[PDB]
Amino acid sequence: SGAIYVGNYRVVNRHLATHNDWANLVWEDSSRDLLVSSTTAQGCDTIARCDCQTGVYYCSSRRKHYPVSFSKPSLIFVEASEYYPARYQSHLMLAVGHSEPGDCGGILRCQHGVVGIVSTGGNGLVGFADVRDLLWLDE
Ligand SMILES: Cn1ccnc1[C@@H](c1ccccc1)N1C[C@@H](C(N)=O)CC1=O
Ligand SMILES: [Zn+2]
């Protein structure tokens, strides 16, 4: 689990969004595994606006932060799951590292702020749903 809090927005993995997220829906995209909902309290997370390919992510299944090199946002095939059928997930970045199902929502950060959140795993790999293109989060 895990989310980003920026201004009056809450950003979560779409497959883990609650009833409250859907009742206060701002934007959702199944192909990116993202959903944004509105909040009453203000958020202070800073979103990175960059093309960084190195950063640090939080891995709940290890209670550790790990530094990683990650790929550029792209369309990557994601095997079927209880949440989605087999499909290409867009805006996804991969890194070599640990990720098991309950790790989704862990934040990835570079020197400029929040890059995205854990969205895929297995095979000694970790996938992050990029959020740096969502310029409307800051305004
Ligand atoms: C099914 N699959 C393929 C690669 N990874 C997964 C698992 C997964 C996620 C995180 C850690 C470990 C495994 N995901 C990815 C999520 C998605 N974005 O669609 C849904 C899901 O269950
Ligand atoms: Zn950066």
# chains A, B, ... in the order shown; residues from 1 in each chain; ligands from 1
>>> closest_atom_pairs(of="chain A", to="ligand 2", cutoff="7 Å", atoms="only C-alpha atoms and all ligand atoms", output="Markdown table")
| residue | atom | partner | partner_atom_place_in_ligand_line | distance |
| --- | --- | --- | --- | --- |
| A:48 | CA | ligand 2 | 1 (Zn) | 5.5 |
| A:49 | CA | ligand 2 | 1 (Zn) | 6.5 |
| A:50 | CA | ligand 2 | 1 (Zn) | 4.7 |
| A:51 | CA | ligand 2 | 1 (Zn) | 6.1 |
| A:52 | CA | ligand 2 | 1 (Zn) | 4.4 |
| A:110 | CA | ligand 2 | 1 (Zn) | 4.7 |
| A:111 | CA | ligand 2 | 1 (Zn) | 5.3 |
| A:112 | CA | ligand 2 | 1 (Zn) | 4.3 |
| A:113 | CA | ligand 2 | 1 (Zn) | 6.6 |
>>> residues_near_ligand(ligand="ligand 1", cutoff="12 Å", atoms="only C-alpha atoms and all ligand atoms", output="NGL selection string")
:A and (1 or 12-16 or 29-35 or 59-61 or 75-94 or 97-106 or 117-130)
>>> select_by_dssp(residues="chain A", states="helix (DSSP H, G or I)", output="PyMOL selection string")
chain A and resi 14-16+19-23+30-32+101-103+135-138
>>> write_last_selection(atoms="C-alpha atoms", output="PDB file, in the first residue's frame")
ATOM      1  CA  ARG A  14      -5.821   2.143  -9.529  1.00  0.00           C
ATOM      2  CA  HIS A  15      -6.150  -1.571  -8.591  1.00  0.00           C
ATOM      3  CA  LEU A  16      -5.900  -0.638  -4.881  1.00  0.00           C
ATOM      4  CA  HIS A  19     -14.595   3.322  -2.185  1.00  0.00           C
ATOM      5  CA  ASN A  20     -13.645   6.849  -1.003  1.00  0.00           C
ATOM      6  CA  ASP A  21     -11.166   7.308  -3.861  1.00  0.00           C
ATOM      7  CA  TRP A  22     -13.929   6.394  -6.406  1.00  0.00           C
ATOM      8  CA  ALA A  23     -16.564   8.555  -4.618  1.00  0.00           C
ATOM      9  CA  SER A  30      -6.524   1.648 -16.242  1.00  0.00           C
ATOM     10  CA  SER A  31      -3.650   1.433 -18.781  1.00  0.00           C
ATOM     11  CA  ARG A  32      -1.288   3.206 -16.288  1.00  0.00           C
ATOM     12  CA  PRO A 101       2.425  -7.755  -4.346  1.00  0.00           C
ATOM     13  CA  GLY A 102       1.970  -5.688  -1.134  1.00  0.00           C
ATOM     14  CA  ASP A 103       4.795  -3.407  -2.290  1.00  0.00           C
ATOM     15  CA  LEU A 135       1.621  18.656 -14.471  1.00  0.00           C
ATOM     16  CA  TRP A 136      -1.952  19.395 -13.232  1.00  0.00           C
ATOM     17  CA  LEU A 137      -1.143  17.785  -9.844  1.00  0.00           C
ATOM     18  CA  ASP A 138       0.763  20.994  -8.898  1.00  0.00           C
TER      19      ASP A 138
END
>>> atom_distance(atom1="atom CA of residue 55 of chain A", atom2="atom CA of residue 26 of chain A")
27.8 Å
>>> select_by_dssp(residues="segment 10-63 of chain A", states="strand (DSSP E)", output="list in words")
residues 10, 11, 12, 13, 25, 26, 27, 28, 29, 34, 35, 36, 37, 38, 39, 40, 41, 42, 43, 44, 54, 55, 56, 57, 58 and 59 of chain A
>>> write_last_selection(atoms="C-alpha atoms", output="compact mmCIF listing (two decimals), in the first residue's frame")
# COMPACT_ATOMS: atom_id res chain seq x y z
CA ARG A 10 -4.25 11.75 -3.42
CA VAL A 11 -2.48 9.46 -6.01
CA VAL A 12 -2.85 5.65 -5.60
CA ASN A 13 -2.47 2.45 -7.71
CA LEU A 25 -12.61 10.56 -8.40
CA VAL A 26 -10.54 13.25 -10.24
CA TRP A 27 -8.88 11.10 -12.95
CA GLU A 28 -8.18 7.40 -13.51
CA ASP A 29 -6.30 5.47 -16.19
CA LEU A 34 -3.27 5.16 -11.71
CA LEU A 35 -6.16 6.86 -9.93
CA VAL A 36 -6.22 10.36 -8.43
CA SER A 37 -8.85 11.35 -5.82
CA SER A 38 -9.58 14.68 -4.08
CA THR A 39 -8.68 15.44 -0.41
CA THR A 40 -9.85 17.99 2.16
CA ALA A 41 -6.40 18.34 3.83
CA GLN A 42 -3.40 19.79 1.92
CA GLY A 43 -0.48 17.66 0.68
CA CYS A 44 3.17 18.61 0.84
CA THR A 54 18.36 7.03 -10.88
CA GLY A 55 16.50 7.33 -7.60
CA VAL A 56 15.48 5.57 -4.33
CA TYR A 57 12.27 3.58 -3.68
CA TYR A 58 10.64 2.26 -0.47
CA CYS A 59 10.14 -1.55 -0.32
>>> atom_distance(atom1="atom CA of residue 108 of chain A", atom2="atom CA of residue 70 of chain A")
10.0 Å
